[PDB]
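One structure is given here, and the rest of the page talks about it.
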Amino acid sequence: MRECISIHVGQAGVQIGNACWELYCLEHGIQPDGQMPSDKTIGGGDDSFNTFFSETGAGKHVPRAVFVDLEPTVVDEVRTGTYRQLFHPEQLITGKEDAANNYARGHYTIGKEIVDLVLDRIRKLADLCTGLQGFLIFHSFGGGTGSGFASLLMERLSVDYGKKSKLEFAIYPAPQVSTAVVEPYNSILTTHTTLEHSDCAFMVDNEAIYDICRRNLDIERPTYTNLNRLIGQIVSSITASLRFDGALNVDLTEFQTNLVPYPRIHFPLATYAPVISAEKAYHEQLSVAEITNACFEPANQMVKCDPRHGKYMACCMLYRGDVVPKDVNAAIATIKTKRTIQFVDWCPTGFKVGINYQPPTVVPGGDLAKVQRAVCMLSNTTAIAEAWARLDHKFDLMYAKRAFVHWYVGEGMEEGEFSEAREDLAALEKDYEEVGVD
Amino acid sequence: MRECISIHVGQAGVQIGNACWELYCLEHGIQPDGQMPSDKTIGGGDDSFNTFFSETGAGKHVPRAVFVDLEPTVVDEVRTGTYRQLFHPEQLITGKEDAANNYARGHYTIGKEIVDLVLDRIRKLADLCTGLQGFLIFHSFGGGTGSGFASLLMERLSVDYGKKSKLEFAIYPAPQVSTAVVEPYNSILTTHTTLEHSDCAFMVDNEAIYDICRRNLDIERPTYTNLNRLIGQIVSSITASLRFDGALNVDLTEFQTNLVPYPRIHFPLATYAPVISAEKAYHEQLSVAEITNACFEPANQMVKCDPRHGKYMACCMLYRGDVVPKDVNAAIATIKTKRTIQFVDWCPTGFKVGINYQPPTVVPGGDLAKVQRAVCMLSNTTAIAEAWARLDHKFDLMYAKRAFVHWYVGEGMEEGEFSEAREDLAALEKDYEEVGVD
Amino acid sequence: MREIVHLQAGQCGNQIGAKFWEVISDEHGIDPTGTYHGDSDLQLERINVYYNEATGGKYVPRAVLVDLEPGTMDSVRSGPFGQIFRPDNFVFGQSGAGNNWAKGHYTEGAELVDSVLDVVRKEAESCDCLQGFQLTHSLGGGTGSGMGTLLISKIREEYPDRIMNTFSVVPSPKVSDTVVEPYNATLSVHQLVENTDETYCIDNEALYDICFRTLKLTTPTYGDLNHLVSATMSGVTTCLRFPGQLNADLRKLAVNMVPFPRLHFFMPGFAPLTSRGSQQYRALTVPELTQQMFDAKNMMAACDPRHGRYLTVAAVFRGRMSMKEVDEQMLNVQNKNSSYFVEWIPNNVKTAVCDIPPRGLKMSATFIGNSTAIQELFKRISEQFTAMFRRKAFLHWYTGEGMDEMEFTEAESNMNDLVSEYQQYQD
Amino acid sequence: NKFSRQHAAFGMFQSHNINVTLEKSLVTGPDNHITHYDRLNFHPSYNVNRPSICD
Ligand SMILES: Nc1nc2c(ncn2[C@@H]2O[C@H](COP(=O)(O)OP(=O)(O)OP(=O)(O)O)[C@@H](O)[C@H]2O)c(=O)[nH]1
Ligand SMILES: Nc1nc2c(ncn2[C@@H]2O[C@H](COP(=O)(O)OP(=O)(O)OP(=O)(O)O)[C@@H](O)[C@H]2O)c(=O)[nH]1
Ligand SMILES: Nc1nc2c(ncn2[C@@H]2O[C@H](COP(=O)(O)OP(=O)(O)OP(=O)(O)O)[C@@H](O)[C@H]2O)c(=O)[nH]1
């Protein structure tokens with residue numbers, strides 16, 4: 001039927017799994033035990049949860065996600081946390097040794113002996129499910145364990161299964177913040193390995209998530225959970241099409257086809273418009289028209305790009321809640337007539353609309369707004385080459401002065417793979433400009 | 001439809017905004033919370049408030065005004081006041097640094113970085129409304145913050161929005177009382193800057209307001225609370241045509257067309273006849289005759305201008321309450337027969353009548369009278385040139401010995417702009433007598 | 001699971017390790033006798049990184065004590081926590097040290113290395129998988145330098161896959177007491193550079209200046225200095241034992257501090273240090289801590305890197321704080337002094353946040369420094385070495401044990417190589 | 001003179017410290033942050049007709 005499997009890699013990938021799964025359990029009314037009240041929704045496991053959770057004859061929900069990491073610390077505390085009784089013990093794949101930010105350490109040293117184990121999980125996950133549309137991969141480019149280990153498995157998931165989709169999401173390297181100066185090295189090591197297999201990559205950046213937060217959420221001191229609630233809300237919206245229905249129902253396959261123009265580049269940008277504090281929405285009103293402009297205001301994008309320096313290619317809006325096509329179609333009719341918005345003239349149409357009637361609910365103990373008209377704005381533009389342009393100069397210097405390799409060549413690599421990825425990147429910008437060249 | 005936006009610039013011009021909004025919610029019966037009783041008036045925001053407030057589906061009436069300020073003290077205390085929950089936080093534009101009465105400091109130093117946010121505010125108010133007849137600007141000539149900041153925004157809103165009306169309301173400087181000696185400096189500066197853009201500016205003086213109160217209202221110790229309610233009533237009367245109806249309905253556009261004779265000079269004087277104490281009204285009677293005589297009594301004006309030294313050009317009477325045309329037209333005809341009243345022979349007719357059936361009410365815990373027949377007397381005469389005649393000999397002495405110039409030139413200014421004001425004023429008076437010259 | 005076994009060497013390391021372990025014991029809530037009083041579940045869980053389990057809930061320290069002089073060990077044994085230590089690891093020699101570097105490196109160690117090798121390998125098999133080892137000793141110390149240089153060499157080949165954490169104190173530059181200490185230091189550092197991977201440099205004069213500066217109590221004990229330095233050593237080790245949104249592994253750290261192999265000298269940095277009345281005169285907020293932790297006066301290792309520039313900086317933050325303040329503080333300090341960093345590497349800051357506050361304060365941090373301030377250090381010892389080797393003073397002893405001057409010549413060249421090795425990279 | 005010497009002990013305070021500092025904004029709003037420079041740093045409100053930087 002209409003279901004998928006989720007993958008969370010790295011301690012950067014696991015808390016968001018905790019947070020998002022903490023979110024999904026709410027709208028379904030999932031109790032910490034796993035069972036509903038005396039009210040009847042249990043059976044062979046076919047209801048609201050059947051796409052996310054596996055509430056079999058035992059009567060309690062089994063989320064269809066696997067948490068994989070290389071350190072037992074953060075996985076044990078959640079194994080001793082709140083929802084551990086739902087969660088499957090060895091679906092919480094732990095590790096005893098770390099890759100130490102090294103892509104190849106998590107790609108050669110320990111990955112070999114542990115991917116077979118996670119291969120056992122996925123097939124025992126795959127056999128039980130029926131529809132198996134795709135995989136929800138959450139990771140990080142600057143992954144101490146997220147980078148290397150994910151790259152190997154997606155290769156093995158690519159080679160064994162090339163007929164279904166795979167959905168990757170990673171925090172993008174911060175444009176001017178670097179908590180690691182080997183975060184650069186592994187980044188294009190990951191991307192050059194993933195360009196030839198990945199289907200569609202969605203990225204976010206923490207700083208502008210914060211920049212929004214202390215702009216309109218009014219919180220100068222957010223918590224690390226708030227970021228996770230925001231991004232957890234983001235995926236909740238994109239999965240709301242899966243869960244519920246609306247005026248039209250759209251699937252990840254359509255998003256795959258209609259967004260990415262050509263091979264290689266598959267890197268669009270998401271954005272959620274109704275991000276505001278409760279007291280602000282308290283005495284103000286929201287409708288589709290103004291939030292449509294709001295998601296089109298550049299400072300509301302969580303990626304440090306000036307769209308005026310680029311050109312628009314694709315855009316996707318998912319209207320979750322009470323909306324009607326009338327004001328929607330007129331409003332989007334206006335945005336096409338706008339002149340500052342510079343789409344490429346190749347595509348007269350570049351928009352994908354998704355209508356869902358369900359109003360997005362508030363998380364208990366939350367900080368978000370009270371939204372009945374919501375949208376996550378998936379879009380891809382040509383203003384993204386600067387980020388890789390921002391990168392390559394950070395790299396050409398360091399590789400030239402040839403830093404940290406004694407760590408890398410010390411545990412067994414050579415410089416050829418570091419070389420190949422640079423023209424792989426150099427292919428990207430020349431690709432990115434030539435598609436920008438009309 | 002039929003609506004306008006209010007602007008209150010200056011910590012002087014904010015408590016007057018506090019009173020009028022407080023007054024307005026009364027005749028509408030707006031609870032301080034922002035919701036009506038169980039009576040059904042809420043909706044998409046379309047009723048008596050739709051011209052004034054914005055009571056959308058949220059059910060909270062939102063005043064259509066922006067409170068810009070440069071010192072956080074007064075703006076925060078009202079933000080801790082009674083109706084602060086009604087008020088929108090960032091239309092109470094709080095302030096951080098002061099212009100120190102320096103028009104130029106407010107016009108240049110801080111005004112640049114704030115106007116965009118105000119420009120951000122005004123377009124959001126301009127975009128939501130439909131009729132947008134004009135703007136209600138509350139300011140002051142001798143504004144420590146009112147002077148400089150009003151001038152910059154009106155310049156900016158003139159260049160982008162020049163098709164709607166601009167209603168200006170400022171305290172006229174006290175001819176013999178000077179709370180600041182820099183006050184004449186900026187006051188003429190505003191006039192020469194505002195001569196070429198402002199649409200309709202209405203002035204008033206507090207001393208004569210104080211003169212009135214212990215004459216007929218019989219209070220030797222009033223307060224701003226007493227002062228602001230008087231002007232707050234005044235704008236309430238002129239806006240009563242906007243809310244209520246009558247025998248005929250008139251609008252600011254008719255006011256613009258019919259009051260100002262010629263370009264440049266657009267400076268009429270307002271008056272309200274049935275100013276009287278409650279007990280004096282108690283055992284006496286009001287009718288159109290005596291109030292017509294009262295409104296044309298020279299000492300009933302709030303400006304130190306004696307009509308028999310000048311000549312009338314424009315006059316308008318706005319009857320709010322239970323009045324018949326029979327006694328009015330006969331009375332004004334007898335007024336036309338009057339010989340002391342010396343209108344300019346250029347205009348055979350110079351009166352604009354406004355009839356409204358709604359009786360003006362009293363304010364709870366107030367000091368006004370209980371009036372059935374009221375009139376706002378906005379008129380114009382040539383007896384005003386002496387007011388600018390007073391200012392020039394006030395200024396010309398100061399400029400010749402160039403006192404306090406080191407402050408202004410110290411922060412980056414010169415004498416040419418000060419020079420331009422004097423012939424702009426000299427042009428202003430020389431126009432005054434030639435139109436007076438028949 | 002990955003654990004650590006400690007080595008206690010030199011007559012300072014005896015003093016150091018004694019304070020080092022008791023601070024840990026008082027932190028984790030075990031009484032001096034050893035019967036743990038259950039108070040925190042997390043420290044109940046992740047104490048196995050350092051201690052093993054004995055009978056009746058006794059947490060046996062996995063540290064090895066080595067010396068030659070019983071009285072120091074007798075004082076250590078009679079200490080408030082000597083009972084938590086075992087007679088097993090009490091290994092020593094029958095000889096008076098004299099603290100000749102040569103006797104401890106060639107004569108006395110010869111019959112002592114075998115036993116201590118047998119010792120350390122028994123506790124090595126006692127636990128499963130190490131991160132590595134750490135050593136407290138002195139570079140100018142007499143007896144510790146001889147034993148350490150011997151053992152670090154042997155542990156290199158037999159486990160070449162772990163951390164060679166060395167923790168040595170630099171003697172006072174103004175006075176070394178031991179006149180032959182410059183010989184001892186120059187000998188020691190030669191084999192230190194290739195064998196070790198990590199080294200902390202500590203100096204008493206700066207520590208004395210700390211009492212001059214913020215302790216403000218005129219006459220402390222050297223144990224008080226031990227208390228201060230143990231807190232710094234404990235602070236960096238709080239990473240591994242405690243949970244939180246920080247990466248603790250020294251490998252996760254060392255690859256981030258070390259650009260090139262010759263880098264092993266690292267300079268500590270600590271967080272709020274407070275005077276008599278300023279405990280209740282301080283508004284504990286991150287900006288003041290970041291100001292305080294980045295104070296040249298707060299520095300305690302060698303000297304002020306003001307004369308040089310900053311290669312790599314890494315600071316671990318302990319307490320209930322958040323990533324935004326460190327981020328905005330990092331932007332501030334980056335924009336504050338970008339020029340005083342090296343254009344060689346930007347973003348040379350590596351931040352870690354420990355959510356578990358210490359016992360006694362909530363907001364704290366530890367910093368480790370890699371700058372160009374060590375030139376003054378080994379340049380100082382260079383003139384000492386050249387002057388004392390100019391006329392071969394105090395040499396007839398060292399020739400007696402069978403040592404020759406060619407060792408000194410090629411050793412000094414190694415330090416002279418590091419002089420250019422530091423200078424060329426920055427200057 | 002008890003407080004004096006117990007204060008006058010040792011040396012007297014002197015700034016060899018790292019001159020760290022954060023430039024603040026000209027607004028009290030915990031959301032808007034604009035200085036002499038970077039005056040376009042604030043939350044953009046939500047316009048309904050004209051999109052961002054229409055002109
Ligand atoms: N996506 C995501 N990123 C996080 C989260 N928490 C922190 N981060 C950021 O993501 C980075 C994590 O990258 P890595 O350090 O390589 O993580 P790892 O590969 O799983 O292994 P470690 O280095 O041991 O943590 C950190 O530097 C954080 O800035 C999170 O919960 N989710
Ligand atoms: N509009 C108004 N004016 C007042 C009030 N009370 C006194 N005034 C007069 O209005 C003038 C205020 O002008 P400014 O001092 O320039 O006001 P500002 O520019 O907003 O800044 P401040 O100097 O802080 O008041 C004073 O000189 C008073 O004579 C009041 O309640 N409302
Ligand atoms: N324990 C201790 N050692 C100190 C102190 N101050 C300086 N030191 C020096 O720290 C050095 C390290 O101790 P060890 O390495 O054990 O010294 P050693 O090998 O026994 O040899 P000697 O220095 O000749 O006594 C010693 O050499 C002392 O000179 C102090 O206050 N306490």
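We name chains A, B, ... following the order of the structure tokens; residues begin at 1 in each chain, and ligands are numbered from 1 as shown.
A least-squares superposition of chain A on chain B, with Cα atoms paired in sequence order, returns an RMSD value of 0.4 Å.
Every residue of chain B that lies within 9 Å of chain A is listed here, counting only C-alpha atoms: residues 54, 55, 56, 57, 58, 59, 60, 61, 62, 85, 86, 87, 88 and 89 of chain B.
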Close residues, segment 125-140 of chain A itself excluded, 8 Å, only C-alpha atoms, min 2 positions apart in chain, as a ChimeraX atom specification: /A:1-10,12-13,64,121-123,142-143,146-147,150,164-172
Same residues, C-alpha atoms, output as an mmCIF file, in the first residue's frame:
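File written: again04.cif
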data_model
loop_
_atom_site.group_PDB
_atom_site.id
_atom_site.type_symbol
_atom_site.label_atom_id
_atom_site.label_comp_id
_atom_site.auth_asym_id
_atom_site.auth_seq_id
_atom_site.Cartn_x
_atom_site.Cartn_y
_atom_site.Cartn_z
ATOM 1 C CA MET A 1 0.000 0.000 0.000
ATOM 2 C CA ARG A 2 1.108 3.603 0.695
ATOM 3 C CA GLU A 3 4.040 3.213 3.099
ATOM 4 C CA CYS A 4 7.782 3.768 3.405
ATOM 5 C CA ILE A 5 10.819 3.078 5.599
ATOM 6 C CA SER A 6 12.859 5.706 7.453
ATOM 7 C CA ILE A 7 16.618 5.713 8.098
ATOM 8 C CA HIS A 8 18.409 7.826 10.724
ATOM 9 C CA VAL A 9 22.218 7.750 10.589
ATOM 10 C CA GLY A 10 24.604 9.471 12.987
ATOM 11 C CA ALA A 12 23.099 14.057 14.146
ATOM 12 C CA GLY A 13 20.478 11.816 12.547
ATOM 13 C CA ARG A 64 9.155 1.816 10.408
ATOM 14 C CA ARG A 121 17.050 -5.233 9.216
ATOM 15 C CA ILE A 122 16.051 -3.622 5.925
ATOM 16 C CA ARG A 123 15.116 -6.898 4.228
ATOM 17 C CA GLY A 142 29.633 17.257 7.897
ATOM 18 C CA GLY A 143 28.963 13.887 9.476
ATOM 19 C CA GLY A 146 26.685 10.650 9.232
ATOM 20 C CA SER A 147 28.931 11.262 6.226
ATOM 21 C CA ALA A 150 25.518 6.692 4.983
ATOM 22 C CA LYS A 164 12.287 2.514 -5.762
ATOM 23 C CA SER A 165 12.933 6.031 -4.513
ATOM 24 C CA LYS A 166 15.189 7.156 -1.653
ATOM 25 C CA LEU A 167 14.727 10.454 0.244
ATOM 26 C CA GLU A 168 17.848 12.051 1.768
ATOM 27 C CA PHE A 169 17.970 15.080 4.080
ATOM 28 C CA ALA A 170 21.124 16.576 5.589
ATOM 29 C CA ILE A 171 22.077 19.761 7.387
ATOM 30 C CA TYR A 172 24.152 21.655 4.882
#
What residues have any atom no more than 9 Å from ligand 1 when counting only C-alpha atoms and all ligand atoms, and can you list them as an MDAnalysis selection string? (chainID A and resid 9:17 19 69:71 98:103 106 138:149 169:174 178:180 183 204 206 224:225 227:228) or (chainID C and resid 245:249 252 323 351)
Could you tell me which of B:119, B:231, B:363, B:242 comes closest to ligand 2 if we count only C-alpha atoms and all ligand atoms?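 Smallest distance to ligand 2 is found for B:231.
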May I have the residues within 12 Å of residue 30 of chain A as a list in words, using only C-alpha atoms and disregarding those fewer than 5 positions away in the same chain?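 The contact residues come out as residues 21, 22, 23, 24, 25, 35, 36, 37, 41, 42, 48, 49, 52, 53, 55, 59, 60, 61, 62, 63, 83 and 86 of chain A.
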Selected residues written out with C-alpha atoms, as a PDB file, in the first residue's frame:
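Output file again00.pdb is given in full below:
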ATOM      1  CA  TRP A  21       8.659  10.396  15.986  1.00  0.00           C
ATOM      2  CA  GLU A  22       7.700  12.314  19.126  1.00  0.00           C
ATOM      3  CA  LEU A  23       5.668  14.451  16.725  1.00  0.00           C
ATOM      4  CA  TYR A  24       3.980  11.709  14.686  1.00  0.00           C
ATOM      5  CA  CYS A  25       2.796   9.901  17.814  1.00  0.00           C
ATOM      6  CA  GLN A  35      -1.506   0.942  22.644  1.00  0.00           C
ATOM      7  CA  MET A  36      -4.609   3.067  22.192  1.00  0.00           C
ATOM      8  CA  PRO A  37      -7.256   3.489  24.901  1.00  0.00           C
ATOM      9  CA  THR A  41      -8.234   0.994  16.033  1.00  0.00           C
ATOM     10  CA  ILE A  42      -6.090  -2.165  16.348  1.00  0.00           C
ATOM     11  CA  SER A  48      -3.623   5.787  10.118  1.00  0.00           C
ATOM     12  CA  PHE A  49      -0.435   4.205  11.477  1.00  0.00           C
ATOM     13  CA  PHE A  52       4.281   4.872   9.591  1.00  0.00           C
ATOM     14  CA  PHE A  53       3.795   2.397  12.444  1.00  0.00           C
ATOM     15  CA  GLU A  55       0.696  -2.026  15.164  1.00  0.00           C
ATOM     16  CA  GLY A  59      -1.656  -4.231  19.622  1.00  0.00           C
ATOM     17  CA  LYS A  60       1.172  -1.685  19.865  1.00  0.00           C
ATOM     18  CA  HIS A  61       2.809   0.456  17.206  1.00  0.00           C
ATOM     19  CA  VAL A  62       6.198  -0.298  15.632  1.00  0.00           C
ATOM     20  CA  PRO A  63       7.631   2.726  13.765  1.00  0.00           C
ATOM     21  CA  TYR A  83       9.462   6.167  23.994  1.00  0.00           C
ATOM     22  CA  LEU A  86       7.680   1.389  21.386  1.00  0.00           C
TER      23      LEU A  86
END
From a backbone DSSP assignment, name each residue in chain D labelled helix (DSSP H, G or I), as a PyMOL selection string. chain D and resi 2-8
Give the strand (DSSP E) residues of segment 1-136 of chain B, as DSSP finds them on the backbone, and put them as a ChimeraX atom specification. /B:4-9,65-68,92-93,134-136
Mind checking which residues fall within 12 Å of residue 117 of chain C, counting only C-alpha atoms, ignoring those fewer than 3 positions away in the same chain, and posting them as a PDB file with N, CA and C atoms, in the first residue's frame?
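Generated file (out-v4.pdb):
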ATOM      1  N   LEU C   7      48.749   6.011  34.384  1.00  0.00           N
ATOM      2  CA  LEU C   7      50.091   5.742  34.882  1.00  0.00           C
ATOM      3  C   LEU C   7      50.532   6.940  35.710  1.00  0.00           C
ATOM      4  N   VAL C  64      48.359   3.031  37.646  1.00  0.00           N
ATOM      5  CA  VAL C  64      49.583   2.357  38.059  1.00  0.00           C
ATOM      6  C   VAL C  64      50.521   3.393  38.657  1.00  0.00           C
ATOM      7  N   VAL C  66      54.277   4.262  40.111  1.00  0.00           N
ATOM      8  CA  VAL C  66      55.665   3.849  39.947  1.00  0.00           C
ATOM      9  C   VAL C  66      56.576   4.909  40.554  1.00  0.00           C
ATOM     10  N   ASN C  89      49.503  -2.450  42.364  1.00  0.00           N
ATOM     11  CA  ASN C  89      50.153  -1.497  41.475  1.00  0.00           C
ATOM     12  C   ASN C  89      51.307  -0.757  42.136  1.00  0.00           C
ATOM     13  N   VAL C  91      54.475  -0.589  42.657  1.00  0.00           N
ATOM     14  CA  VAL C  91      55.721  -1.150  42.150  1.00  0.00           C
ATOM     15  C   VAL C  91      56.798  -0.080  42.236  1.00  0.00           C
ATOM     16  N   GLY C 109      65.995   1.409  35.547  1.00  0.00           N
ATOM     17  CA  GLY C 109      64.827   0.942  34.821  1.00  0.00           C
ATOM     18  C   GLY C 109      64.976  -0.483  34.323  1.00  0.00           C
ATOM     19  N   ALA C 110      66.213  -0.896  34.034  1.00  0.00           N
ATOM     20  CA  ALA C 110      66.457  -2.193  33.406  1.00  0.00           C
ATOM     21  C   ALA C 110      65.815  -3.332  34.190  1.00  0.00           C
ATOM     22  N   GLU C 111      66.002  -3.343  35.508  1.00  0.00           N
ATOM     23  CA  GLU C 111      65.371  -4.360  36.340  1.00  0.00           C
ATOM     24  C   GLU C 111      63.977  -3.963  36.807  1.00  0.00           C
ATOM     25  N   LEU C 112      63.519  -2.752  36.479  1.00  0.00           N
ATOM     26  CA  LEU C 112      62.173  -2.315  36.817  1.00  0.00           C
ATOM     27  C   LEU C 112      61.206  -2.324  35.643  1.00  0.00           C
ATOM     28  N   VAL C 113      61.696  -2.176  34.409  1.00  0.00           N
ATOM     29  CA  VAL C 113      60.794  -2.153  33.260  1.00  0.00           C
ATOM     30  C   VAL C 113      60.059  -3.479  33.129  1.00  0.00           C
ATOM     31  N   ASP C 114      60.759  -4.593  33.356  1.00  0.00           N
ATOM     32  CA  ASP C 114      60.133  -5.902  33.204  1.00  0.00           C
ATOM     33  C   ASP C 114      58.900  -6.029  34.093  1.00  0.00           C
ATOM     34  N   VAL C 120      51.370  -3.579  33.795  1.00  0.00           N
ATOM     35  CA  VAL C 120      50.410  -2.868  32.957  1.00  0.00           C
ATOM     36  C   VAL C 120      49.666  -3.831  32.041  1.00  0.00           C
ATOM     37  N   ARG C 121      50.329  -4.905  31.602  1.00  0.00           N
ATOM     38  CA  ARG C 121      49.658  -5.844  30.712  1.00  0.00           C
ATOM     39  C   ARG C 121      48.621  -6.694  31.438  1.00  0.00           C
ATOM     40  N   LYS C 122      48.745  -6.877  32.757  1.00  0.00           N
ATOM     41  CA  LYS C 122      47.694  -7.599  33.475  1.00  0.00           C
ATOM     42  C   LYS C 122      46.409  -6.780  33.537  1.00  0.00           C
ATOM     43  N   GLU C 123      46.509  -5.503  33.916  1.00  0.00           N
ATOM     44  CA  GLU C 123      45.323  -4.652  33.878  1.00  0.00           C
ATOM     45  C   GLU C 123      44.887  -4.379  32.446  1.00  0.00           C
ATOM     46  N   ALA C 124      45.810  -4.496  31.489  1.00  0.00           N
ATOM     47  CA  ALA C 124      45.424  -4.380  30.088  1.00  0.00           C
ATOM     48  C   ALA C 124      44.483  -5.507  29.688  1.00  0.00           C
ATOM     49  N   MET C 147      61.866   6.989  33.849  1.00  0.00           N
ATOM     50  CA  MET C 147      60.895   5.906  33.735  1.00  0.00           C
ATOM     51  C   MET C 147      59.941   6.135  32.570  1.00  0.00           C
ATOM     52  N   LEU C 150      61.368   5.537  29.077  1.00  0.00           N
ATOM     53  CA  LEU C 150      61.513   4.105  28.849  1.00  0.00           C
ATOM     54  C   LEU C 150      60.172   3.461  28.525  1.00  0.00           C
ATOM     55  N   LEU C 151      59.145   3.755  29.326  1.00  0.00           N
ATOM     56  CA  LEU C 151      57.874   3.059  29.157  1.00  0.00           C
ATOM     57  C   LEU C 151      57.139   3.528  27.908  1.00  0.00           C
ATOM     58  N   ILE C 152      57.192   4.829  27.604  1.00  0.00           N
ATOM     59  CA  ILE C 152      56.506   5.324  26.413  1.00  0.00           C
ATOM     60  C   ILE C 152      57.078   4.664  25.167  1.00  0.00           C
ATOM     61  N   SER C 153      58.391   4.430  25.153  1.00  0.00           N
ATOM     62  CA  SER C 153      59.005   3.726  24.037  1.00  0.00           C
ATOM     63  C   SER C 153      58.434   2.321  23.901  1.00  0.00           C
ATOM     64  N   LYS C 154      58.367   1.585  25.012  1.00  0.00           N
ATOM     65  CA  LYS C 154      57.938   0.192  24.953  1.00  0.00           C
ATOM     66  C   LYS C 154      56.454   0.073  24.625  1.00  0.00           C
ATOM     67  N   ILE C 155      55.621   0.944  25.201  1.00  0.00           N
ATOM     68  CA  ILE C 155      54.193   0.886  24.912  1.00  0.00           C
ATOM     69  C   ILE C 155      53.891   1.278  23.472  1.00  0.00           C
ATOM     70  N   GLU C 158      54.017  -2.057  21.275  1.00  0.00           N
ATOM     71  CA  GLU C 158      53.208  -3.192  21.706  1.00  0.00           C
ATOM     72  C   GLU C 158      51.717  -2.890  21.571  1.00  0.00           C
TER      73      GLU C 158
END
Which residue gives the smallest distance to chain D among A:379, A:372, A:277, A:356, with only C-alpha atoms counted?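 Closest to chain D, using only C-alpha atoms: A:277.
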Residue hits in chain D, query chain B, radius 6 Å, only C-alpha atoms, as a ChimeraX atom specification: /D:27,39,47
Near residue 258 of chain A, counting only C-alpha atoms, which residues have an atom at most 12 Å away, once you skip same-chain residues fewer than 6 positions from it, shown as a ChimeraX atom specification? /A:200,250-252,266,268,313-316,347,349-353,378-380
Using only C-alpha atoms and a distance of at most 8 Å, pull out the residues of chain C that contact chain A, as a PyMOL selection string. chain C and resi 1-2+243-244+249+251-253+255-256+258-261+322-324+347-351
Got a sec to check which residues lie within 9 Å of ligand 3, using only C-alpha atoms and all ligand atoms, and send them as a PyMOL selection string? chain C and resi 9-16+67-69+72+97-101+104+137-147+168-172+176-178+180-181+204+221-223+225-226
For a quick check of understanding, using only C-alpha atoms, which of B:298, B:365, B:274, B:246 has the smallest distance to residue 321 of chain B? B:246
